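Next up: a single chain in structure tokens, the form deposited in one PDB entry.
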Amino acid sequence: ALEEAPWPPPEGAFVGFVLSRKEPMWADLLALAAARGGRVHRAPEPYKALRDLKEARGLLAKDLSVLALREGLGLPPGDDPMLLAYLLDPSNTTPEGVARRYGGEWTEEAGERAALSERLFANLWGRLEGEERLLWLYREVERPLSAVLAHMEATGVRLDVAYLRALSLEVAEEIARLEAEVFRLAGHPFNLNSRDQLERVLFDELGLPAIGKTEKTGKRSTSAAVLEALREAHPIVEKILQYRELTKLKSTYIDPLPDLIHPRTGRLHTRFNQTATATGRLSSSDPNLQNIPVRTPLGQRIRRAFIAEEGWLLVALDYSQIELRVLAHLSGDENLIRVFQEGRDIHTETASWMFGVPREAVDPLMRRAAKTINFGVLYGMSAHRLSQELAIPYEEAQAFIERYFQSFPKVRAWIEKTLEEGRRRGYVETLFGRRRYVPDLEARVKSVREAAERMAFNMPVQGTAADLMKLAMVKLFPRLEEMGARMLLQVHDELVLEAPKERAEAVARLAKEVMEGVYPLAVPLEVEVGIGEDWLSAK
């Protein structure tokens, strides 16, 4: 079936390529091929051959299209079997597996990659026949979103490198005072970054009670959660918690980011993986910029490093209580839909409760703390953890949970139907019909089954919120382009854009609107917008 034709391929051919590395913005185009009909074209000079393509269709299209943009070519990504398969089963996340599961082997030869894309797409397209909903999501959301993600990856984000460079030396000194004291307290040095070594010290040398064990190995845990419980037992516990904060921030953001600045751009270029999560959410790789610090003071100092190009502004937009809103529409609960119809904020109300202060006294970080209480309790958190979290009597934690769901009656009924259907159907789905398979919903082991159940009914909520953000990006991108503004990052229910100073407001105004009206629900979708020279200030 496979013949070999001279490079020049016919329009609509399936691309096949090989990079020196995973990152499109950093990689070297080692090989470029194409497959169409029954023939296969191997470009003798890849980079140069890229100028020939009208579009990138095939496994990981967006990736070669990011390279193209990096090279000055506006090569947009088109059909990509990974998206088709990802939609059929979100557990389809790598070419390797999609190929073994659908008709081929993922190799290192571009030509074979081009052939495989063609045949893989044929199979998978057949599979989508009759799946009007998956076809809708593919054609109306994913395929076009892939293009958006490529421009985003190619564009990147500006970072105050000199700023992080000095920040390092500074905390490096604070980490020394903390480890120097932790060692004194223990009465001798040891690797503080070694959970095993600290375990021995905390539980064997000192006489601290072991409050928990680790999952796969069963070792006594030394988690922040355990350390919190032990904070009052020994002076060495607080010192260790602070050390862990600093070292985590410094080793994960403070030190690595400046070293990832691209030479040709001077900006940071993260990957936005389109087929990596079970719920339909994107993910950020290599630099993972979807988890930049924001909670603690040093975390905030780190976020400030993310800045706009001079004369530009960072416009940050974030849907409000997004998953509580999605849930009011999915559940159809009147109490909850009214909550939003009345402009109430459950994070503020829960935070007002937690800290026992009027609503107007709740500050940003206090409200943020409530988020983990609201989403945790919604998604199955237990009274024990709740109490052990809010540091309240187990009984008072039970009451908060009891009342939480009593206040929103239709939610449990919805969670119930979602699970039932998941058991029968074999999968759960989002508002737009994105599916996630949860076979374990019928496991005999209560442990496994109940855990499956929790991931099961979370998917529709989490996934619908993602479908929504993805639609908004697809809708918003063309207008920003028309406005000379750029889309830099997506943080699940937040978008970080960059717009010319003289246009920053019109852009914030527009994006906010596109986002809020993406797909009308039983509840309004509110978006808080912020503008500033840096990410922290934007929010």
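Only the largest set of C-alpha atoms that superpose within 1.5 Å between the two forms is called the rigid core. A residue's number is simply how far along the shown sequence it sits, counting from 1.
There is another form of the same protein, the form deposited in another entry; it is not shown, and what comes next is about it.
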* Residue shift check between the shown form and the other one, rigid core fit, residue 335 Cα at least 2 Å -> no
* Asked: Fitting the rigid core first, would the Cα of residue 266 be found 2 Å or more away between the shown form and the other one?
  -> no
* Specify closer or farther for residue 336 and residue 353: how their Cα atoms are spaced in the other entry versus the shown form, given a shift of 3 angstroms or more. => closer
* Please say whether the CA atoms of residue 354 and residue 523 come closer or move farther apart in the other entry, knowing the change relative to this form is 3 Å or more. => closer
